[PDB]
């Protein structure tokens, strides 16, 4: 899997809800963009990463840019994939995420 192949974009409202997701998210994590709309990213985070991700978000919201560092994202058919995400606030109107899958 090439680097471009492990990267997908997502867009979020200020409350973390998906408003847009690349179709690439499908072959990586199972979900279809269509079924992610309106659901908060927070629902998909491993419990052990929840607080870190809340803080990453808080740093994004005040500074405009953030690197999540590593976190586990719940796959559609069970299991957690590791990800890293660069987030950017577009002014606030939305959050743009460039998400890279650290797993296999």
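Positions refer to the first chain, counted from 1.
Coordinates are absent for 4 to 9 residues of the deposited sequence placed between residue 91 and residue 92.
Judged by mean Cα B factor in the deposited record, 54-62 ranks above the other of 40-48 and 54-62. A summary of the deposited B-factors shows that, of 14-22 and 76-84, the stretch with the larger mean C-alpha value is 76-84. Annotation for residue 7: CA B-factor lies in the lowest third of the chain's modelled residues.
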